[PDB]
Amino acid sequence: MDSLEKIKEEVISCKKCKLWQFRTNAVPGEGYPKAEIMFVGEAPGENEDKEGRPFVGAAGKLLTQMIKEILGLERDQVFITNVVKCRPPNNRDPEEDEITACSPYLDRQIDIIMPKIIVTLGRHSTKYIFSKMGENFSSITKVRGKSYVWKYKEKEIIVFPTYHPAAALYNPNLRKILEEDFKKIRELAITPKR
């Protein structure tokens, strides 16, 4: 049987791709197992690696602030993870073989949580989830800021791509766009399906 607990244990000791050799801590993700909103980023950065926790550096602090101020939620009420769960070396993005190796953990996490909404933060997570959906992916610029319905198992999941929070740290305009995207996510979260 599968569980978020089992996945967490596996990730923490995982050596299924070459990223394990560099890490201090793998980062399985954290949050409410019955979260209505699931956030998926790219991969851990430096502070995430040090702490074993997703989105805790500057970009993460911005994410937390938007979740709190715009969605009206604490981190413990949502679920937050990444498509790749170890920090790639040298500030680089995950290789495709690393996404291929690690993404079954995310698949398993989604299978268990079955959130109402998945917010895909940035191009890597958006491209990955679009591939599972069978939704055409052009670029994050072209696809962000609206919802995509993912018929999955017995339910529908609303997928909402946004820019990654890191992109909003030093760009006032991009930040405003991300905030507006989170306002739209709030409306989707509080509105009953009809």
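Quick note: we count residues from 1 along the sequence shown, nothing fancier.
Relative to its counterpart among 87-95 and 73-81, 87-95 has the higher mean temperature factor, C-alpha atoms as listed in the PDB entry. In this entry, 146-154 shows the higher mean Cα temperature factor of the pair 146-154 and 51-59.
When the C-alpha B-factors of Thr64, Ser125, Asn136, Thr162 are ranked from the entry, the top spot goes to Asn136. Considering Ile129, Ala43, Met38, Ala167 together, the PDB entry gives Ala167 the largest C-alpha B factor. In this PDB entry, the Cα temperature factor of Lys176 sits in the top third of its chain's modelled residues, the highest group. In the deposited entry, the Cα temperature factor of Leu4 sits in the middle third of values across the chain's modelled residues. Ranked by C-alpha B-factor against the other modelled residues of its chain, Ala101 falls in the highest third.
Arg186: CA B factor lies in the lowest third for its chain, per the PDB record. Looking at the C-alpha B-factors along this chain, the one for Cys17 belongs to the highest third.
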